[PDB]
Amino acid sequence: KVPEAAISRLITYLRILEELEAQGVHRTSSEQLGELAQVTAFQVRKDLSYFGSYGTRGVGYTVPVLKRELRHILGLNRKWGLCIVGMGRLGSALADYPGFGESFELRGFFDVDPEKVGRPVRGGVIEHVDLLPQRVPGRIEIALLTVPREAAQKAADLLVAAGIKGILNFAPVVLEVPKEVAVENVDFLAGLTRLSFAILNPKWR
């Protein structure tokens, strides 16, 4: 039983590994990765423990191998197809975020208002949500839900139908879906506490 916090740290090592591969760094360690994730080296070695023997020998790790290894663990070895249903303000912005990644790709921006439905979008065009059933299966697994709160639970159930794999949900309402699909809720303001604490702790900061 791997802790939820463990997968989040794993997610952090990977991000720290591409940053490393961006500086021509080839091999690293649990001591370096930890100092960068702000955790104890033991924690890095530990989190990796939940998934098999890693960098056993003193040696350490080599950015390339671990980076690959972590991508496999977090399931980032495939290329998930993404869609943003609820093409409003957040939607239009999200739809244009620069660094989505090599394993995540947008392939559909949906929406119900006719005013938009049909306008070009950096890579494709908006389109109604009545085609969700034969636009999702082969190419879309993950749906970014930036639809108004009230509409959320209704646009949500629509996806579960066109067979959506997972839902990254930005609306302030707890979706109701079958175990067949995963829901991850976003909270852009989550970091305000980290910030709050940092302001009161210069010395620490």
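Note that residue numbering begins at 1 and tracks the sequence as displayed.
- Of the two segments, 30-38 and 156-164, the one listed with the higher mean B-factor is 156-164 (C-alpha atoms only).
- Per the PDB record, of the two stretches 61-69 and 145-153, 145-153 carries the greater mean B-factor over its C-alpha atoms.
- Of the candidates 169, 49, 56, 43, the one whose C-alpha carries the top B factor in the deposited record is 56.
- Annotation for residue 183: C-alpha temperature factor in the middle third relative to the rest of the modelled chain, per the entry.
- Placement of the Cα temperature factor of residue 74 within the chain: lowest third of the modelled residues, per the deposited record.
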